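Written out below as structure tokens is the structure these notes cover.
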Amino acid sequence: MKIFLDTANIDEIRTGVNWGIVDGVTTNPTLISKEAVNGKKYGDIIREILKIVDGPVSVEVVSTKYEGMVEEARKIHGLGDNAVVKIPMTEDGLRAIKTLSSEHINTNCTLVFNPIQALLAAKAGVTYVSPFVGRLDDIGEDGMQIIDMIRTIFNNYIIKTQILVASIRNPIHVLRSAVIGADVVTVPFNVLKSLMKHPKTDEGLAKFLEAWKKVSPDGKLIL
Amino acid sequence: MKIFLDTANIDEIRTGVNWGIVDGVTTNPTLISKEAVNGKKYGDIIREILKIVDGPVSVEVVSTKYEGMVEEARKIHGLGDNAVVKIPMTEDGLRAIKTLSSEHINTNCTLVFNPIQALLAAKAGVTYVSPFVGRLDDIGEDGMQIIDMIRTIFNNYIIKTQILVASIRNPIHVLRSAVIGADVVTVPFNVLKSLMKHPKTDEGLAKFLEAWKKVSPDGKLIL
Amino acid sequence: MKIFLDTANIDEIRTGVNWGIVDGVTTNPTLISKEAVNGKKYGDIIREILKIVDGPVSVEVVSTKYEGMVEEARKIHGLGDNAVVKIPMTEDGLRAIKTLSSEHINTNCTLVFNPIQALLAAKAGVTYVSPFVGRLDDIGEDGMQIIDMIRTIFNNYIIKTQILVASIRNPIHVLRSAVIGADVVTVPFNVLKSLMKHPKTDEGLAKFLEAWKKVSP
Amino acid sequence: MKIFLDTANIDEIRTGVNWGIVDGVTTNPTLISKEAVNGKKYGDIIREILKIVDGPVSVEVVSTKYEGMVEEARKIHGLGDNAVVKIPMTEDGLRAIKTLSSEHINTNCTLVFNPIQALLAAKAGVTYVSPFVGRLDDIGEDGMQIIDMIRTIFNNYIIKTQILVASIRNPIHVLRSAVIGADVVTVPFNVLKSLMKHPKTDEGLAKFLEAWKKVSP
Amino acid sequence: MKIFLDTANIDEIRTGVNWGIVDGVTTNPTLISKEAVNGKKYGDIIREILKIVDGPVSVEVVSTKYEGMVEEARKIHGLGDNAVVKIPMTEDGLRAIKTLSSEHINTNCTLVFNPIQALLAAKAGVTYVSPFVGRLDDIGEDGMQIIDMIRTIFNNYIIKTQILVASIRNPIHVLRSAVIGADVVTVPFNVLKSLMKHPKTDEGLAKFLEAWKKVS
Amino acid sequence: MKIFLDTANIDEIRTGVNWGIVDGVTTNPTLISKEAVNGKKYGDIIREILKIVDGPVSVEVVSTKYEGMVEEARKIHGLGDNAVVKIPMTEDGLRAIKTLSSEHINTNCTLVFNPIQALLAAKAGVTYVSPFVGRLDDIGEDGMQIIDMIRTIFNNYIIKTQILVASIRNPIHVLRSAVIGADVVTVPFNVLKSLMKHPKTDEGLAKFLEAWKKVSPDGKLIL
Amino acid sequence: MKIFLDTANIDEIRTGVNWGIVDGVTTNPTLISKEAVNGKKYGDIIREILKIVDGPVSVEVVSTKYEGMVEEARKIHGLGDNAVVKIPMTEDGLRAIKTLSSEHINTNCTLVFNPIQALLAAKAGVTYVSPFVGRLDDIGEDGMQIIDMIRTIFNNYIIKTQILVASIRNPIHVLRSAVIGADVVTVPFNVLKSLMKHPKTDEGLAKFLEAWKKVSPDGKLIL
Amino acid sequence: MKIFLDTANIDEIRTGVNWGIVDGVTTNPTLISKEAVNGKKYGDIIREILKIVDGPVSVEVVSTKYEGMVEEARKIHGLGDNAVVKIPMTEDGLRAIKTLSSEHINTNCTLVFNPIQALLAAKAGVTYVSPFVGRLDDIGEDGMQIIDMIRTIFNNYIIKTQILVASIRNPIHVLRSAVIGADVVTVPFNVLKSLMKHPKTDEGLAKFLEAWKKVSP
Ligand SMILES: *[C@@H](CO)[C@@H](O)[C@H](O)[C@H](O)COP(=O)(O)O
Ligand SMILES: *[C@@H](CO)[C@@H](O)[C@H](O)[C@H](O)COP(=O)(O)O
Ligand SMILES: *[C@@H](CO)[C@@H](O)[C@H](O)[C@H](O)COP(=O)(O)O
Ligand SMILES: *[C@@H](CO)[C@@H](O)[C@H](O)[C@H](O)COP(=O)(O)O
Ligand SMILES: *[C@@H](CO)[C@@H](O)[C@H](O)[C@H](O)COP(=O)(O)O
Ligand SMILES: *[C@@H](CO)[C@@H](O)[C@H](O)[C@H](O)COP(=O)(O)O
Ligand SMILES: *[C@H](CO)[C@@H](O)[C@H](O)[C@H](O)COP(=O)(O)O
Ligand SMILES: *[C@H](CO)[C@@H](O)[C@H](O)[C@H](O)COP(=O)(O)O
């Protein structure tokens, strides 16, 4: 399972990449607007993320019409080969995915909330599809059940579109995604950081330290 | 999963093909008769649909006897190589499917209401079998359970006949067909258009448009 | 399981009542506005249904504020004892239900789309809660799964609010509702008409008639 | 589970009542007209069965309209207190069942092929409902699934209508009915006889006889 | 679950009755023809079993016809109030069970091999029904599955007939009967003795012994 | 299922109670410290919540020793009959619950993370037990599974201690709690507010409004 | 679920009783022999445990023959009315249980390793049956599955013998026993103390203490 | 499934190796510090184990920082080709594993307590991951459920990291690990010793010996 960071905060992205556990980044207009404050331009933020991340970087069109979408997608693709164009699940978005797929431009279909929307995006040729589990949780439906159905459907037809679980809110979204077999999760930085941690890991490290001081007062392994 | 349009309405077909999510079309005598009004003749309708649709176009015979069915089927086949001849599940229909199968004329067995009818159509060599889920629902049995049994039977024997779910009435027939792994669904136009829609998709677009306007007064992505 | 008719069409209601299988009626503002045309007044339509139907008849408030809902609910209640006041699942609606329940005015909470909304309506004291299965099907979620969860939740807490399955589109919504154990279904007229029918019933009647004609022409 | 005989053949009925495992009888116009031959009349056949069978005896109306159904039913009822009026699942039949139940006349709703038809018959007050499992098998659906759903639905609503499994064709329809918990099965005579039999029973009787002769010639 | 001994052997019955865990006895014509050899008469063997065993003791008729079975059953009844008359699953057996039930004579229907035979016996009023699990195992059918179905059917109809699992061959027939909830099992003596034993019981006794010898 | 509000913010508590959907409140030292800023005293905050909430109000001891715990619990009980004393799962806490139970003071055992801790608190006589589902989610275990086991255990022994699901983070914690059959959930205000809402409720209200304007231009129901 | 302490160590028993979560005590000849050293005699140990523990105290006979077991059991019964006589699953033990049952002397059948042994002990009238889960685990079969089958058998026949899970080695034997619905567990002291503990409980205490110090410098709740 | 011995006790390791059933050894700082007493030096203990054991031998770094872990790992690797460097699941540990994996130094990620930590270690390229089942049991969670999830996750993504079940306390951890399909278990000596044994094995040997003594005294 690939793990992407879902943010536009450059500091978070730098830190996650240095742990070596971040395989890419997803952005959206809200995440970018959060960082385009106090002089910082959205164009510079996007270019910078593409620079520092070796994996895929998803960047969303802002046009809602077919022609604006494919025009902006070709501009986004032009910025770096790791750019992936995020496109919403709409009539015009499906048309844009089909065109861009034929042009060998990688695409990510976003704002997906049920399995048949995800299948429609796969049939248009999309590279990734992003179902939003946290926003389903918000409206009182267990969002992970949609991921489970998409995985089954994609397995049934040997679909090569990658399932990219998005709107992740907690580590159990991540655990359940891995058990189901989703291709990718994209996670906020706070969630990323929590995935490495466990209180028994902490306790065990402290007990090992104390036992080793019995045999080596300076606490080193001299071999 | 392939998605066919279940209509003889030229505008619906043109619209859905323009969307890029329609892989073919199924008709029947009732659907054609509803459009063959105010001067239009059934032969114009069929030829025009064959022209618009690149994928399979299923066209039903009206004869009930073997010789008439095979004669009709060869005429239908002559209208275009994407024509598929729709034949009912009857003794003379099975005989006709076996004859036409040997002539490499593609066939679609219709009016199928249980799994063993579907198996017999596959054994006659039919290209597609069309169980009618909505008409089973009408008589108080869950039609999707027949699709599930057909999928299992066909998997058991590596049957190459495609399961073409028909009499579809709502998007959950479509969801369940995909989770089962049916090869094709054929859907009325009202159903097709609904498949792309979700209220959280609309809500999410509106929020992203608002976030975009905070960083770009005009509303145009400049990269 | 009680079976209600989901329409404001007086002709449908008369026909279904004469068949003996209709236990009540549900309406909503769209259903009424469809009939209240070409001179027909919405007040008359509501009053006519209340007179024809012995069982519960649900009529929806149109106000969105607490005070306006309670005022409208009292006028609806005053139209006949079988009137039930349909109230949407909103903050003001839950307050209104709580007040009307203490006034012993029967209530039906509508526009419910998940099980926790249904639970909230039950906690407000509502007589019926109406989850919409067909509108969930519309958006690619099997609506009957919400009915199954509400039945479990209501059984857990011995909740006396009745589950009234609404937005029904086909007879398998009805079948699944009965197997789950919902208290009520409300069905459109073309669904109601199909529930008595089966092709093997028709075939068996024809065979029995031919058999009888051999012994008594 | 009660066990009824599904026949109009008086010799079968007498033989099976002589076994003491038959709790009642069902008939239909086809079964009666098979035995109404060689100058035998359908009225005498019915009266003879009623006399010989202590249990319920189901006898089908031949009218298709409500008023004819109800007049026939009362005449059937007047033939003996153990008569049960068999009425088809139709709009007129449900109306007739509702009337007859209020008159304390026992009823059996027949030609039922799915669980919601069975529910409608129970809501009309019917004493027994008869889903036809074998005719469902004939058209490629496992008929016993319908029995299982009706048992669940009736349990959900504490329905007192008895499930009377009909159109029975083999002993596994009977076994599955008992495991599900159907109230009654009605079986043809050749199925009834087979229910007592098993090859290991016969083989065991032979070995016990053979061992018995060892110690007692 | 009640536990009966399935034998005509006076020594086995007496030993198991000494252990305090045997609740009743079943016999059959083959079991009794094995003990009625070299000067033993079947009549004495039955009376001695009846006398030793407080609980129910089933004794099978040998007649095949209704009249003979009912007359034999009354002779069996007259032998002791704890006598239970074992009657095979046949037409005349079902008629005899019904008559004997009306006379308040306890009955045990035997040679039952599927659940619907068991149900018919219950409908005739029988006190116990004895499905034969080992003989089903013999012909390649897991006989405990018939017990499970009979339990479900009897539960469905609140049937008061007791399920008496017979033809028991091993301790897992016994375990599965208890997990299903059969009312009674009847077991041969080899099987009965084995039910108390386990090698970890033996090992634990020796270890407690050794530990106690360090203190006394 | 009772629904408590998990906050010490007086405004949130006032608002939730007026919806009539709030059955009580839980607090803890962190939630109270958040509101004891800029002159406001913790004692006044506690007394005020007890005043405005008719249902149970859980207030946590801060002593870690048996004697300090029962002393503070008797003070908390003295403030109002709706006070419930929150006591942590520790050796001294169990001893305190047993004493206070014998004094007919209602208790809530908190900081519970597995089912056997919850059983121990029930055996001491505690009125409520509070397993922390969100903090289990944080450490990569699905916290709702512990609620399911506690419900089973309590059912097995007819335990009268109420299960009060705490550390709730989203509406699916609430949904799963209700399906399991927990006695109580305690929820932050943001979660509470989301429970009433659904996008199809919004859309349906707008459609009903529009249809009614066809028959009543002023949008009233005149009867 | 009742919790007994499985030890003859007086200090452990005193400590665990002081905690209020111990409902009784089980011993055996090995556990007593480990404490009957350095002058202490086995009779002092038993009498002292009987004095400390208000609940049942199980004390094992050492005879292997029926007459010795019943004579020992009457002496044990005379030490105090909370004494329960532990008797092994043997032919003479079953005879002894039946005799003692009639004398209204409470009994505990030990060295039980399968469900039918447990059923036979119940049929002899035993008060408690003690299957040994850890010793089954030692020989490669999951001992808790025997507890599960015993619970089902006893439920089937409304058996009043209490299931007393013994040879407990870890807290998951305890968890599974409670989820199954065993009547009693008996646990070594090391296991008992661990049952209350969880690292997130400790972490949560520490955070609440910190939040408290922000509003109360001394550290005392004043109401 | 490979079976490792989880100890630094040279006598246990010698004994287990001579039995032929030990495929490798795991150690940790507590296990080594227990043996490195009364003159015994930890360097000598590690070197002696590496010589005795043909299979993998895991030895844990004690540094907590990236640079110190990699330096210590290189010294461990240099002690013998069968050495495996045990690295805790921390941020610095994952960086260290990634570097050592690219240097073709085998690694074992330890102190893992849920399935997503195990996945992170696998993504860093670790040769073995060691989830601790017994320490989870300690805190009231069935540790074997984490092994089951990791096996599923690893199967989903065709992960080549081996699952090394650690903190094993009893033979049922071992049984359940094999049924799940874990790659490796590491067991303490008293668990290892019990795996070959069964009381019915012992009893059957005694019976066969008595049988043989009847034909060849
Ligand atoms: C041809 C077979 O695929 C189709 O056109 C079918 O006739 C229709 O799908 C049947 O649908 P209705 O039951 O709604 O007529
Ligand atoms: C009232 C609630 O019981 C009913 O009239 C509902 O508004 C309708 O059942 C909803 O149906 P549609 O989704 O078909 O509008
Ligand atoms: C009356 C309803 O209980 C019965 O006589 C039914 O008509 C028959 O059981 C139907 O059987 P066939 O399907 O074999 O006609
Ligand atoms: C009487 C009925 O309970 C019993 O004696 C049975 O005949 C035997 O249990 C049958 O045993 P076999 O199959 O081993 O003969
Ligand atoms: C008496 C019966 O409950 C207990 O003391 C048991 O002897 C022990 O629980 C057995 O435990 P070990 O297997 O650890 O000796
Ligand atoms: C190394 C990881 O494979 C092992 O030595 C582990 O540290 C131990 O297996 C952990 O065991 P304890 O929980 O018993 O310390
Ligand atoms: C791109 C789609 O993969 C992502 O940036 C999504 O927009 C976010 O993951 C959505 O998350 P929120 O629901 O929390 O905005
Ligand atoms: C009292 C226990 O019911 C509550 O106030 C709990 O402390 C909180 O629910 C814990 O939630 P957080 O984990 O989010 O602090």
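By convention here, the chains of the structure tokens are called A, B, ... in the order presented, each chain's residues are numbered starting at 1, and ligands are numbered starting at 1 in the order presented.
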Exercise for review: For region 19-31 of chain E, list every protein, DNA or RNA residue within 6 Å, evaluated using only C-alpha atoms, and leave out those in the same chain fewer than 5 positions away; present the list as a list in words.
Suggested key: residues 208, 211 and 212 of chain D; 3, 4, 5, 6, 7, 8, 55, 56, 57, 58, 59 and 60 of chain E
Only C-alpha atoms, please: the residues just picked out, written as an mmCIF file, in the first residue's frame.
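File written: out19.cif
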```cif
data_model
loop_
_atom_site.group_PDB
_atom_site.id
_atom_site.type_symbol
_atom_site.label_atom_id
_atom_site.label_comp_id
_atom_site.auth_asym_id
_atom_site.auth_seq_id
_atom_site.Cartn_x
_atom_site.Cartn_y
_atom_site.Cartn_z
ATOM 1 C CA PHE D 208 -33.442 -58.385 15.332
ATOM 2 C CA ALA D 211 -31.153 -62.781 16.582
ATOM 3 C CA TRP D 212 -34.446 -63.329 18.383
ATOM 4 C CA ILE E 3 -26.799 -41.178 30.407
ATOM 5 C CA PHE E 4 -28.037 -44.761 29.904
ATOM 6 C CA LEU E 5 -26.080 -48.015 29.523
ATOM 7 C CA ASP E 6 -26.656 -49.925 26.240
ATOM 8 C CA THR E 7 -26.141 -53.533 27.220
ATOM 9 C CA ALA E 8 -27.808 -56.696 28.448
ATOM 10 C CA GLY E 55 -34.135 -45.509 36.310
ATOM 11 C CA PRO E 56 -35.871 -46.278 33.037
ATOM 12 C CA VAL E 57 -35.108 -49.576 31.342
ATOM 13 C CA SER E 58 -36.172 -50.103 27.749
ATOM 14 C CA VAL E 59 -37.166 -53.611 26.639
ATOM 15 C CA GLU E 60 -38.043 -54.310 22.989
#
```
Review point. Within 7 Å of residue 50 (chain D), counting only C-alpha atoms, which residues qualify if same-chain residues fewer than 4 places away don't, as a VMD selection string?
Key: chain D and resid 46 57 80
Exercise for review: Grab me every residue within 8 Å of ligand 4, counting only C-alpha atoms and all ligand atoms, and send it over as a ChimeraX atom specification.
Suggested key: /E:6-7,26-28,30-31,58,60,86,108-111,129-135,164-169,186-188
Review point. Skipping near chain neighbours, those fewer than 5 positions away, what residues fall within 10 Å of residue 197 (chain H) using only C-alpha atoms, listed as a list in words?
Key: residues 138, 139 and 140 of chain G; 192 and 202 of chain H
Would you write out those residues with N, CA, C and O atoms, as a short mmCIF file (atom, residue, chain, number, x, y, z; two decimals), in the first residue's frame?
```
data_model
loop_
_atom_site.label_atom_id
_atom_site.label_comp_id
_atom_site.auth_asym_id
_atom_site.auth_seq_id
_atom_site.Cartn_x
_atom_site.Cartn_y
_atom_site.Cartn_z
N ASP G 138 -0.62 -26.28 26.97
CA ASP G 138 0.73 -26.87 27.01
C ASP G 138 0.85 -28.02 26.03
O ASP G 138 1.96 -28.30 25.54
N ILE G 139 -0.25 -28.73 25.76
CA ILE G 139 -0.19 -29.92 24.89
C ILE G 139 -0.75 -29.63 23.51
O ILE G 139 -1.02 -30.56 22.72
N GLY G 140 -0.87 -28.35 23.17
CA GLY G 140 -1.10 -27.99 21.81
C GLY G 140 -2.55 -27.95 21.41
O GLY G 140 -2.83 -27.98 20.21
N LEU H 192 9.75 -24.09 23.45
CA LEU H 192 10.38 -24.98 22.48
C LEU H 192 10.33 -26.43 22.94
O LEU H 192 9.94 -27.34 22.18
N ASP H 202 3.59 -40.36 24.63
CA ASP H 202 4.23 -41.11 25.70
C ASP H 202 3.49 -42.41 25.98
O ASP H 202 4.11 -43.47 26.12
#
```
Check your understanding: chain B residues within 10 Å of chain D, counting only C-alpha atoms: which ones, as a PyMOL selection string?
Key -> chain B and resi 113-117+139-141+146
Point to revise | Contacts of residue 82 (chain D) at 10 Å (only C-alpha atoms; same-chain gap of 4+ positions) as a list in words | key: residues 24, 50, 51, 53, 54, 55, 56, 57, 58, 77, 78 and 106 of chain D
**Study point:** Contacts to ligand 7 at 6 Å cut-off (only C-alpha atoms and all ligand atoms) as a VMD selection string
**Key:** chain A and resid 6 26 to 28 110 130 134 to 135 166 to 167
I need the chosen residues saved as a CSV table (one decimal), in the first residue's frame, with N, CA and C atoms.
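The resulting file, selection_25.csv, is reproduced below:
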```csv
chain,number,residue,atom,x,y,z
A,6,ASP,N,-1.6,14.1,2.4
A,6,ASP,CA,-2.7,14.9,2.0
A,6,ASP,C,-2.6,16.3,2.6
A,26,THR,N,-1.1,14.3,-2.2
A,26,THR,CA,-2.3,14.9,-2.8
A,26,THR,C,-2.6,16.3,-2.3
A,27,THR,N,-3.1,17.1,-3.2
A,27,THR,CA,-3.5,18.5,-2.8
A,27,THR,C,-5.0,18.7,-3.3
A,28,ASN,N,-5.6,19.8,-2.9
A,28,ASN,CA,-6.8,20.2,-3.5
A,28,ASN,C,-6.9,21.7,-3.2
A,110,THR,N,-11.7,12.6,-8.3
A,110,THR,CA,-11.9,12.9,-6.9
A,110,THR,C,-13.4,13.2,-6.7
A,130,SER,N,-10.4,8.4,-6.1
A,130,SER,CA,-10.3,8.8,-4.7
A,130,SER,C,-11.7,8.9,-4.0
A,134,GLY,N,-14.0,9.9,5.0
A,134,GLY,CA,-14.3,10.7,6.2
A,134,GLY,C,-15.6,11.5,6.0
A,135,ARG,N,-15.8,12.0,4.8
A,135,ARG,CA,-17.1,12.7,4.5
A,135,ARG,C,-18.3,11.8,4.5
A,166,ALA,N,-9.2,8.5,0.4
A,166,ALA,CA,-9.0,9.9,0.6
A,166,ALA,C,-10.0,10.3,1.7
A,167,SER,N,-9.9,11.6,2.2
A,167,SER,CA,-10.7,12.1,3.3
A,167,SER,C,-10.4,11.1,4.5
```
Point to revise | Test item: chain D residues at most 6 Å from chain C, counting only C-alpha atoms, as a PyMOL selection string | key: chain D and resi 29-30+111+117+153+156
Restricting the output to C-alpha atoms, write the selected residues as a PDB file, in the first residue's frame.
```pdb
ATOM      1  CA  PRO D  29     -61.149 -28.590  -7.831  1.00  0.00           C
ATOM      2  CA  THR D  30     -58.600 -30.602  -9.855  1.00  0.00           C
ATOM      3  CA  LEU D 111     -52.397 -20.125  -4.761  1.00  0.00           C
ATOM      4  CA  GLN D 117     -49.020 -12.489  -0.778  1.00  0.00           C
ATOM      5  CA  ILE D 153     -42.244 -12.582   8.701  1.00  0.00           C
ATOM      6  CA  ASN D 156     -41.741 -10.885  13.441  1.00  0.00           C
TER       7      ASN D 156
END
```
**Study point:** All residues 12 Å or closer to residue 44 (chain D), only C-alpha atoms, same chain fewer than 3 positions away omitted, as a PyMOL selection string
**Key:** chain D and resi 8+10+32+35-37+39-41+47-51+79
Review point. Which residues form the shell of 10 Å around ligand 5 when you count only C-alpha atoms and all ligand atoms, given as a ChimeraX atom specification?
Key: /E:204,207-208 /G:4-8,25-32,57-60,85-88,108-112,128-136,138,163-169,184-188
Review point. Could you pull out all residues of region 16-170 of chain F with a DSSP call of alpha helix (DSSP H) and give them as an MDAnalysis selection string?
Key: chainID F and resid 16:18 29:35 42:52 66:77 91:102 115:123 133:138 144:156
Check your understanding: If you count only C-alpha atoms and all ligand atoms, which residues end up within 9 Å of ligand 6, as a VMD selection string?
Key -> (chain A and resid 204) or (chain H and resid 4 to 8 25 to 31 58 to 60 86 108 to 112 128 to 136 164 to 169 185 to 188)
Can I get the residues of chain B within 9 Å of chain F, each with the closest pair of atoms and their distance in Å to one decimal, using only C-alpha atoms, sorted chain first then ascending number, as CSV?
```
residue,atom,partner,partner_atom,distance
B:199,CA,F:199,CA,6.4
B:200,CA,F:199,CA,7.3
B:203,CA,F:199,CA,8.6
```
Could you turn the residues from that selection into a file that holds N, CA, C and O atoms, as a PDB file, in the first residue's frame?
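What landed in part20.pdb:
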```pdb
ATOM      1  N   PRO B 199     -24.915  13.874  -3.878  1.00  0.00           N
ATOM      2  CA  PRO B 199     -24.985  15.213  -3.265  1.00  0.00           C
ATOM      3  C   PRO B 199     -23.663  15.684  -2.652  1.00  0.00           C
ATOM      4  O   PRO B 199     -23.431  16.907  -2.572  1.00  0.00           O
ATOM      5  N   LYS B 200     -22.835  14.782  -2.160  1.00  0.00           N
ATOM      6  CA  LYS B 200     -21.566  15.216  -1.570  1.00  0.00           C
ATOM      7  C   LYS B 200     -20.568  15.636  -2.645  1.00  0.00           C
ATOM      8  O   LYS B 200     -19.611  16.384  -2.340  1.00  0.00           O
ATOM      9  N   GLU B 203     -21.706  19.178  -3.177  1.00  0.00           N
ATOM     10  CA  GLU B 203     -21.291  20.014  -2.059  1.00  0.00           C
ATOM     11  C   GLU B 203     -19.794  20.283  -2.124  1.00  0.00           C
ATOM     12  O   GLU B 203     -19.345  21.427  -1.900  1.00  0.00           O
TER      13      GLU B 203
END
```
Review point. Quick one: residues within 8 Å of residue 62 (chain G), only C-alpha atoms counted, chain neighbours fewer than 2 positions away excluded, as a PyMOL selection string?
Key: (chain E and resi 209+212) or (chain G and resi 29+60+64+69+72)
Exercise for review: Would you give me, as number ranges by chain, the residues of chain E that come within 7 Å of chain D, using only C-alpha atoms?
Suggested key: E: 29-30, 33, 36, 90-91, 95, 111-113, 116-117, 149, 152-153, 156-157
**Study point:** DSSP-assigned strand (DSSP E) among region 56-189 of chain G, expressed as a ChimeraX atom specification
**Key:** /G:57-60,83-88,107-112,128-131,162-165,184-187
Exercise for review: Could you jot down the CA of residue 209 (chain B) to CA of residue 17 (chain A) separation for me, Å, one decimal place?
Suggested key: 29.6 Å
Which residues are near residue 97 (chain E)? Cut-off 9 Å, only C-alpha atoms, ignore same chain within fewer than 6 positions. Put them as a PDB file with N, CA and C atoms, in the first residue's frame.
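Below you can see selection_1.pdb, which holds the result:
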```
ATOM      1  N   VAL E  70     -48.839 -54.688  21.253  1.00  0.00           N
ATOM      2  CA  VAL E  70     -49.554 -54.113  22.385  1.00  0.00           C
ATOM      3  C   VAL E  70     -49.632 -55.121  23.523  1.00  0.00           C
ATOM      4  N   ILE E  87     -40.335 -49.995  20.712  1.00  0.00           N
ATOM      5  CA  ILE E  87     -41.234 -50.315  19.609  1.00  0.00           C
ATOM      6  C   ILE E  87     -40.590 -49.792  18.329  1.00  0.00           C
ATOM      7  N   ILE E 105     -48.504 -46.032  29.238  1.00  0.00           N
ATOM      8  CA  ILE E 105     -47.387 -46.970  29.204  1.00  0.00           C
ATOM      9  C   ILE E 105     -46.259 -46.279  28.445  1.00  0.00           C
ATOM     10  N   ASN E 106     -45.119 -46.104  29.109  1.00  0.00           N
ATOM     11  CA  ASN E 106     -44.004 -45.374  28.511  1.00  0.00           C
ATOM     12  C   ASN E 106     -43.392 -46.144  27.353  1.00  0.00           C
ATOM     13  N   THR E 107     -42.984 -45.398  26.317  1.00  0.00           N
ATOM     14  CA  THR E 107     -42.617 -45.990  25.039  1.00  0.00           C
ATOM     15  C   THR E 107     -41.332 -45.361  24.534  1.00  0.00           C
ATOM     16  N   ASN E 108     -40.610 -46.127  23.724  1.00  0.00           N
ATOM     17  CA  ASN E 108     -39.324 -45.667  23.174  1.00  0.00           C
ATOM     18  C   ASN E 108     -39.302 -46.154  21.738  1.00  0.00           C
ATOM     19  N   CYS E 109     -39.375 -45.249  20.761  1.00  0.00           N
ATOM     20  CA  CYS E 109     -39.448 -45.699  19.373  1.00  0.00           C
ATOM     21  C   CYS E 109     -38.032 -45.887  18.846  1.00  0.00           C
ATOM     22  N   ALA E 121     -42.860 -40.335  15.248  1.00  0.00           N
ATOM     23  CA  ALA E 121     -42.949 -41.033  16.526  1.00  0.00           C
ATOM     24  C   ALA E 121     -43.424 -40.088  17.613  1.00  0.00           C
ATOM     25  N   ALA E 124     -47.068 -39.581  17.450  1.00  0.00           N
ATOM     26  CA  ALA E 124     -47.833 -40.696  18.006  1.00  0.00           C
ATOM     27  C   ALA E 124     -47.802 -40.728  19.530  1.00  0.00           C
ATOM     28  N   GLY E 125     -47.043 -39.843  20.156  1.00  0.00           N
ATOM     29  CA  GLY E 125     -47.022 -39.690  21.594  1.00  0.00           C
ATOM     30  C   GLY E 125     -45.888 -40.385  22.298  1.00  0.00           C
ATOM     31  N   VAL E 126     -44.833 -40.778  21.573  1.00  0.00           N
ATOM     32  CA  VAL E 126     -43.826 -41.643  22.166  1.00  0.00           C
ATOM     33  C   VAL E 126     -43.035 -40.889  23.248  1.00  0.00           C
TER      34      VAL E 126
END
```
Revision key, fill the gap. The distance between CA of residue 93 (chain E) and CA of residue 66 (chain E) is 6.6 Å
